[PDB]
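The block underneath contains the structure these notes are about, expressed in structure tokens.
A, B, ... follow the sequence lines: proteins, then strands. Residue 1 opens every chain.
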Amino acid sequence: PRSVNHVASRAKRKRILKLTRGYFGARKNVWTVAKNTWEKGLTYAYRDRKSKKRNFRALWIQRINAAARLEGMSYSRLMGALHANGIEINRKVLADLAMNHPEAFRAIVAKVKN
Amino acid sequence: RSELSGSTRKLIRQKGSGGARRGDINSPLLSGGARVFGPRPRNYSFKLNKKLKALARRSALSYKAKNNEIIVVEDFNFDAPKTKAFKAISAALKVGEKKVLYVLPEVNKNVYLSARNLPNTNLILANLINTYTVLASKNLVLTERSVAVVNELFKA
Amino acid sequence: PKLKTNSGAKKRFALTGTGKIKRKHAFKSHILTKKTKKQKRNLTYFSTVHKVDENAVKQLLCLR
Amino acid sequence: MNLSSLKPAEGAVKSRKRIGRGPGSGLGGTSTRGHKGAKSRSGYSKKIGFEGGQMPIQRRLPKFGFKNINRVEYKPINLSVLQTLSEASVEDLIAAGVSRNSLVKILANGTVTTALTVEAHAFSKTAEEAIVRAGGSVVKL
RNA sequence: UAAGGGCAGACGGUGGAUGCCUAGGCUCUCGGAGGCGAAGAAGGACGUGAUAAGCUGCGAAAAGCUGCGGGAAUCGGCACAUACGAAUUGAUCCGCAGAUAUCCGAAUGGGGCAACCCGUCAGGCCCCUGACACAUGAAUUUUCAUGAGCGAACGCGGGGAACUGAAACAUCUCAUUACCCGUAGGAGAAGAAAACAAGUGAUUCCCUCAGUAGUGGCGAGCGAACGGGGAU
RNA sequence: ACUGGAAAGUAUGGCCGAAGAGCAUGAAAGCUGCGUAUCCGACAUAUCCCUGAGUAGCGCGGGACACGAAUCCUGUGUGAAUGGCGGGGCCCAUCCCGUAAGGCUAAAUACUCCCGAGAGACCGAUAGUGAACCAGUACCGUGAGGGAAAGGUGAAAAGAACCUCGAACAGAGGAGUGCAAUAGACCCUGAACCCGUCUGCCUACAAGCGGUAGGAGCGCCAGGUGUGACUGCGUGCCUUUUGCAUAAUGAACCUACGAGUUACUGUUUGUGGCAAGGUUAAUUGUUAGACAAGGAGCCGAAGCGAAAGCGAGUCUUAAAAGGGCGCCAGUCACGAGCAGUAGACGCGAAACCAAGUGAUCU
RNA sequence: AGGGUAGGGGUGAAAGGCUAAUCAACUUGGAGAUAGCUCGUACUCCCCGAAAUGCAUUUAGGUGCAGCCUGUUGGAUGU
RNA sequence: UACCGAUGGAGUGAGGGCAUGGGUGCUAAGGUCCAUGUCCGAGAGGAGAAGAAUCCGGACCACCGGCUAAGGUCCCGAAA
RNA sequence: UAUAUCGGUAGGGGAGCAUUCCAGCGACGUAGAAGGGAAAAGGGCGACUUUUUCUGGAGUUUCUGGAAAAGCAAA
RNA sequence: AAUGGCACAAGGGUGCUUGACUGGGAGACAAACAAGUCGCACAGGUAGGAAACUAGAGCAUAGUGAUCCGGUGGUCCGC
Ligand SMILES: [K+]
Ligand SMILES: [K+]
Ligand SMILES: [K+]
Ligand SMILES: [K+]
Ligand SMILES: [K+]
Ligand SMILES: [K+]
Ligand SMILES: [K+]
Ligand SMILES: [K+]
Ligand SMILES: [K+]
Ligand SMILES: [K+]
Ligand SMILES: [Mg+2]
Ligand SMILES: [Mg+2]
Ligand SMILES: [Mg+2]
Ligand SMILES: [Mg+2]
Ligand SMILES: [Mg+2]
Ligand SMILES: [Mg+2]
Ligand SMILES: [Mg+2]
Ligand SMILES: [Mg+2]
Ligand SMILES: [Mg+2]
Ligand SMILES: [Mg+2]
Ligand SMILES: [Mg+2]
Ligand SMILES: [Mg+2]
Ligand SMILES: [Mg+2]
Ligand SMILES: [Mg+2]
Ligand SMILES: [Mg+2]
Ligand SMILES: [Mg+2]
Ligand SMILES: [Mg+2]
Ligand SMILES: [Mg+2]
Ligand SMILES: [Mg+2]
Ligand SMILES: [Mg+2]
Ligand SMILES: [Mg+2]
Ligand SMILES: [Mg+2]
Ligand SMILES: [Mg+2]
Ligand SMILES: [Mg+2]
Ligand SMILES: [Mg+2]
Ligand SMILES: [Mg+2]
Ligand SMILES: [Mg+2]
Ligand SMILES: [Mg+2]
Ligand SMILES: [Mg+2]
Ligand SMILES: [Mg+2]
Ligand SMILES: [Mg+2]
Ligand SMILES: [Mg+2]
Ligand SMILES: [Mg+2]
Ligand SMILES: [Mg+2]
Ligand SMILES: [Mg+2]
Ligand SMILES: [Mg+2]
Ligand SMILES: [Mg+2]
Ligand SMILES: [Mg+2]
Ligand SMILES: [Mg+2]
Ligand SMILES: [Mg+2]
Ligand SMILES: [Mg+2]
Ligand SMILES: [Mg+2]
Ligand SMILES: [Mg+2]
Ligand SMILES: [Mg+2]
Ligand SMILES: [Mg+2]
Ligand SMILES: [Mg+2]
Ligand SMILES: [Mg+2]
Ligand code: NA
Ligand code: NA
Ligand code: NA
Ligand code: NA
Ligand code: NA
Ligand code: NA
């Protein structure tokens, strides 16, 4: 018998083209252009999921550095003192305390200020 | 390609026209061109061993017997063809709901004519029993002579 | 169509009992005073087809 | 099972290999053919007995021997199967229960150890000595 | 402040995809039949309707004429028509048998740029019209009979390539193929031993023997028969 | 009775069946129509002593036979016998078989322009014939020749009386028909590319494959959704390559079309049936593909030797195991992989050959 | 104006000119010639994973056999 | 921890850079021909501004957790 | 249950999804099929699959097995 | 030719000689294949020698080329 999968073949394209809405010009709707654009974006997304962790750690470190300099120390000295004293609070929590709970950050600094 | 009606003339000259190089009009790349690797006339019969076929037949019959769909009935004849009489026989044997297969020892033209118009009924001769026909019906009805013929002819 | 045996192979090779290919050594037809007696006898003896040349000899003999 | 729940034996049917149908299958693109050369082209075929131009083995080696036309080849039958047939008679040469209008030669590998008169087209000397020692006879006809 | 622009949604436009549908193809089976033509073919030209004819039918008797049988109320062919008539004293329609059947075309009275021009002899009209006859070739004895040309495949016969394969190429292969030409029939050809063999008993076809025996720049390749089992 | 524009649908309750094939009917009908099963029916016209002489044979040159020089054929030149003569793969002798130089002959075999009746795990309008329709047409060419595109209103034309704007149906807005007119003639459904309008957000200090990961504000409708100030990272894709952002190749875009298929024969393997055996082919019988027959043939069952031959041995040898090869579960299928022969994964030459058409240009 | 010469054939005050916009012809067929060459080869996920060397070749951008990969099996030996 | 037997299916037979030992060249070449390793080929991630094979390091997927390599800690740009 | 392993071109192996048709078994449909638009949810993973609504106005489909004209981004 | 070897000489003479043998190839080297290289044991019959022993050509490594078709000598099969 003769088999042509017209509906399935068209439905695959339509499903992918729902994902390329918002793109610029022909890259949103022209299919060969749109499908080309969408796959390069997927490679970018794989790379950026890895880079997001580095970016957020850098942001935490910068906020901790500013709060430590307000308290009288630097980031490297503060982190060395915390590691020596065995305090396991991570940089995300430390940055959150520095931004939003300065009294708690101050007590943490005063703990290792010796 | 060899069976299309177009001529074998080169459509465009080989070089210089600025488009794709082209041969004759029967190419599968062209609209209305050849069908590549389409169907060809075929014979689908193949061989199975005789002993394998006999084993399959006996397996189907054993499966019917184990699942308890075999009803042995007395031999009957009709003076004139009559669908209502055969319908009554099926109703009395309680086989008139689902598919039934009656197995007869010989032709019995009046019985065949009586059963012809009933939609869930099949007839077969005892000596022509095959696996597909036995398995395709929910209920199997045998006569005494049909049981004797099947026992004699399909044993072991 | 059925496979056709190679005529030269069918004139040059033979099957042994355990499915080996029997062959004759080929360096002894016409320059034999110069050669050595042990060399000539070893070329007289019937050899077998090497394993790497098998299945090619078999293709020539129609895998028989 | 009936026609509605048919099932082949496990591992009896296998799906065919389909090439040239995309990257995820592992069989698309060049479609298992490699890149270029003669073997990549449609209509390539191996020349049987060709080795690139070097003289092939089927021409390097010499022809030998001849085959006799009227070669009388016997079907071998041994003493062991003779005794097996004897232990359910004492008069062999039936041999249809084998051959099909053939010439039979009796050979000595097992042992007869019975008293049989065997008719056959040929015997070996060892077979004759064995059957006579066990107390038999030969009809070489 | 948006001249314009970007993205999204809604709603339209274009275009004609998709889904659904179709008697228009394709492959076959069984049974017939296997020709038409000088009593003018195949294939055409010109005509023909109440109204122009594109198809269809028909042929100056021109979408039709006659008879027999069947049948019983509509019919006057199709391209989205009306008028006007036919018809139970039986239309239309269907089966069978008849009548008519222009011109060209083997075309055959002579020519010719197919569908035209020009004739002769007898016969019936009045410069001109309607019905005949008037070709050739092999048989027959002026008479008679046949032939010619067209057309599906299958048959027999006369001529007969090359590309290609051999990893070049010349023997060889492709292939006694393509193709051209001639000529039958329902089939044709073959067929009744100056035979095969080392017992069989005319041809033909099928299954084996067998990719065997052989053949071959003994390369590429090619490739039986006897015997046995059947159809008959 | 219900739903519906309309029942053949669904739910009840009945009936026919040698008829539950099908097609049509306002949706899907055994009981509405034509039909179907079954039975009946033709005025015609068709069909059913003699025994084969330019021979047999022979030389030269060729051909056909599976065969590239026995049997068969013959262009050229010759040339018998009448118990005799011919063949058995070259020639001789024996043996065997046959009786040339005359003819006819059914069946089993090959085929399908045509007619009748059937069928399909064949296509369904870029498919299937080139041709579902105006098709070998339109068109192209001096000619031979080449050769398209083009199906669908609605159940029924009921195919929109009449009104309004406008010179006009050019077109539209109404009214009316209709289940529906966003079914209004290019008329079923009505996708993409491509083109517009409206609404929301953003945008005139900004610089690279246009995304991706973060992230305010605004706007819609209860934690969803549109937009995106600003920030980080980022030289498309394919192919060919040692190596391509490459200034190497390729594509305007979209929809549709487009390339490892089938047959036969081998081989390996997964799974099976039987098993020292396994298996039938062609074909035949019964009823109508199924069941049964059909053992011819093939493979296995013993090897060694070129072979005669011998045999769990055998070859080599004067002889020695001194050496070689052997002794010390198959077969038939189904599925899959691979190979060869076929156009053999698809498209593409320049050429070669055969038969025709052209000197209206030159 | 009419006619004649037709394919490697005609014709050529000779340029390999011309032979229907085609000349170291056209149409149809053999025919899907052949192309060791270029280009192209379409659904998904999982496991493994090379080579660009040697030998030979009218061979050198091709191919045969080794080398190196993979599946399935039986042995012990590999680093 | 996967080396050999036998079998089914291959692809490859245009290589390249670096280090080392050499020939050739001019102790030239991003040159050319061998040998021994290694990497690119077929390999993403980090540093070097940006670089096929130099330095570090072999990516099952997710994470807004932690420790390190080479290399760094004035700002662009993480850390004196 | 543990341990180990899971970058990949040529290439080998394994397991699946969709499409057209068929057999058997179930089902759906004018109280609205296929197709077309929008929206939501799902899958060791994926090919893909369900559901709601508008358009549409007549057919479609589940499971098991069978067979292929069985999947496009570049020629 | 070159390289390696060679004093018990493998270098140089004398005498006798034909082992420049027949049937052979445990086991190895080398190797894509085809090819190539070294080498038995024992039997038969010899040469040298008092005997033990040695002798299947040469100090070694180049001195050639398949198959098909033909010629010569010896000794199983087709009509
Ligand atoms: K690709
Ligand atoms: K050569
Ligand atoms: K409509
Ligand atoms: K409709
Ligand atoms: K539209
Ligand atoms: K951006
Ligand atoms: K270029
Ligand atoms: K050479
Ligand atoms: K190299
Ligand atoms: K459908
Ligand atoms: Mg990290
Ligand atoms: Mg052609
Ligand atoms: Mg077509
Ligand atoms: Mg296909
Ligand atoms: Mg791969
Ligand atoms: Mg290759
Ligand atoms: Mg390629
Ligand atoms: Mg290459
Ligand atoms: Mg080709
Ligand atoms: Mg706007
Ligand atoms: Mg739209
Ligand atoms: Mg008249
Ligand atoms: Mg005339
Ligand atoms: Mg050639
Ligand atoms: Mg009805
Ligand atoms: Mg068409
Ligand atoms: Mg106007
Ligand atoms: Mg609408
Ligand atoms: Mg419409
Ligand atoms: Mg500025
Ligand atoms: Mg601004
Ligand atoms: Mg380059
Ligand atoms: Mg780059
Ligand atoms: Mg190129
Ligand atoms: Mg371009
Ligand atoms: Mg480019
Ligand atoms: Mg593209
Ligand atoms: Mg395109
Ligand atoms: Mg010149
Ligand atoms: Mg010209
Ligand atoms: Mg050809
Ligand atoms: Mg071609
Ligand atoms: Mg080739
Ligand atoms: Mg791996
Ligand atoms: Mg190879
Ligand atoms: Mg090479
Ligand atoms: Mg190389
Ligand atoms: Mg270099
Ligand atoms: Mg590469
Ligand atoms: Mg690597
Ligand atoms: Mg640290
Ligand atoms: Mg910093
Ligand atoms: Mg890893
Ligand atoms: Mg992987
Ligand atoms: Mg609805
Ligand atoms: Mg396809
Ligand atoms: Mg597509
Ligand atoms: Na704007
Ligand atoms: Na005339
Ligand atoms: Na309807
Ligand atoms: Na109007
Ligand atoms: Na372009
Ligand atoms: Na696979």
Side-chain angles (χ1 to χ4, degrees), chain A residues 1-3 5-9 21-22 24 27 30 32 36-37 40-41 44-45 48 51-53 55-56 58 61 74-76 90 92, chain B residues 1-2 5 7-8 14 21 23 27-29 31-32 35-41 46-49 51-52 55 81 83 113 116-117 119 125 127-128 130, chain C residues 1-5 7-8 16-17 26-27 45-46 50 52-53 62-63, chain D residues 2-7 9 11-14 16-17 19-22 24-25 28-29 31-32 34-35 37-38 42-43 45 47-48 50-55 57 59-60 62 64-66 68-69 76 107 109 124:
Chain A
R2 188 162 178 259
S3 166
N5 63 333
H6 278 126
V7 170
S9 169
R21 289 182 295 185
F24 187 90
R27 287 180 182 260
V30 167
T32 37
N36 197 273
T37 307
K40 194 108 186 140
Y44 289 151
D48 289 337
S51 273
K52 164 180 40 163
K53 303 158 200 0
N55 292 341
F56 269 100
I61 284 165
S74 73
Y75 170 90
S76 41
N90 61 34
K92 182 195 187 175
Chain B
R1 198 175 160 168
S2 48
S5 73
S7 93
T8 64
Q14 175 79 1
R21 52 205 189 193
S27 157
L29 269 58
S31 173
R35 174 65 58 206
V36 171
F37 298 149
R40 297 173 174 186
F46 58 84
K47 187 222 181 143
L48 283 181
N49 293 353
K51 300 178 179 169
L52 197 275
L55 174 66
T83 306
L113 289 170
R116 209 162 55 163
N117 213 47
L125 302 179
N127 55 304
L128 313 171
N130 60 82
Chain C
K2 49 215 286 193
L3 302 182
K4 286 225 203 174
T5 321
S7 309
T16 84
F27 222 91
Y45 285 159
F46 264 91
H50 202 274
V52 302
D53 310 309
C62 281
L63 277 153
Chain D
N2 40 54
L3 299 184
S4 163
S5 52
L6 287 163
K7 190 78 57 144
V13 289
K14 201 204 194 171
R16 67 187 295 166
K17 157 155 58 147
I19 69 184
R21 287 304 183 274
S25 65
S31 315
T32 74
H35 268 309
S42 156
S45 209
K47 302 151 60 64
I48 300 298
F50 183 71
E51 328 194 317
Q54 167 176 285
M55 176 87 24
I57 188 144
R59 299 254 316 266
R60 284 196 311 261
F64 75 97
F66 80 108
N68 178 2
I69 284 323
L107 293 173
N109 209 2
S124 34

Margin query: Protein within reach of the bases, or only the backbone? For nucleotides 20-39 of chain G, mark each nucleotide 5' to 3' as B, S or -, using heavy atoms under 4.0 Å.
Written below: -------SSS--B---SBBS
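Contact check, D:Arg59 against J:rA66: no side-chain N or O comes under 4.0 Å of OP1 or OP2. Under 4.0 angstrom from either OP1 or OP2 of E:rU212 there lies no side-chain N or O belonging to C:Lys4. Listed pair D:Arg21 / F:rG260 meets the phosphate criterion, a side-chain N or O lying under 4.0 Å from OP1 or OP2. Dashed line: the shortest gap from a side-chain N or O of A:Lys53 to OP1 or OP2 of H:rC64 is under 4.0 Å.
Under the 3.5 Å cutoff applied to both distances, F:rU357 and F:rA281 fail to qualify as a Watson-Crick or G-U wobble pair. By the Watson-Crick or G-U wobble test, with both distances required under 3.5 Å, F:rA81 and F:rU240 do not count as a base pair. The base of E:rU183 engages E:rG155 as a Watson-Crick or G-U wobble partner, both distances under 3.5 Å. No canonical Watson-Crick or G-U wobble pair links J:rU22 to E:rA122 with each of its two hydrogen-bond distances shorter than 3.5 Å.
For A:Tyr44 and F:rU212, the ring-to-base geometry does not satisfy the stacking test (centroid distance below 5.5 Å, interplanar angle below 30°).
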Give me, pair by pair, the N or O atoms of the protein and of nucleotides 14-23 of chain E that are less than 3.5 Å apart, along with how far apart they are.
from	atom 1	to	atom 2	distance (Å)
E:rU18	OP1	A:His6	NE2	3.3

Every protein N/O lying under 3.5 Å from an N/O of nucleotides 2-4 of chain E:
none

Each nucleotide N or O in nucleotides 333-339 of chain F that has a protein N or O under 3.5 Å away: list the pair and distance.
from	atom 1	to	atom 2	distance (Å)
F:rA333	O3'	B:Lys47	O	3.0
F:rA333	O2'	B:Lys47	O	3.0
F:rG335	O2'	D:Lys14	N	3.0
F:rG335	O2'	D:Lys14	O	3.3
F:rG337	OP1	D:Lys17	N	2.9
F:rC338	OP1	D:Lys17	NZ	3.2

For nucleotides 57-61 of chain I, which of its nitrogen or oxygen atoms have a protein nitrogen or oxygen under 3.5 Å away, and what is each distance?
none

Under 3.5 Å, N/O pairs linking protein and nucleotides 161-166 of chain E:
from	atom 1	to	atom 2	distance (Å)
E:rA166	OP1	D:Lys47	NZ	2.8

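Of the two residues near RNA chain H, A:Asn90 and D:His35, the one whose nearest nucleotide lies more 5' is D:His35.
Per the geometry, CG belonging to D:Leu6 stands 13 Å off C1' belonging to I:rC63, to the nearest Å. As a whole-Å value, the separation of C:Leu63 CG from F:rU267 P is 7 Å.
Nucleotide E:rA83 is shown with an anti base, its glycosidic torsion being more than 90° from 0.
Within the 4.0 angstrom heavy-atom criterion, only backbone atoms of the sugar-phosphate kind lie near D:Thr32; the bases stay farther away.
When both pairing distances are held under 3.5 Å, E:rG24 makes a Watson-Crick or G-U pair with F:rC123. Nucleotide F:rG272 is matched to F:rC332 when pairs are restricted to Watson-Crick or G-U wobble geometry with both distances under 3.5 angstrom.
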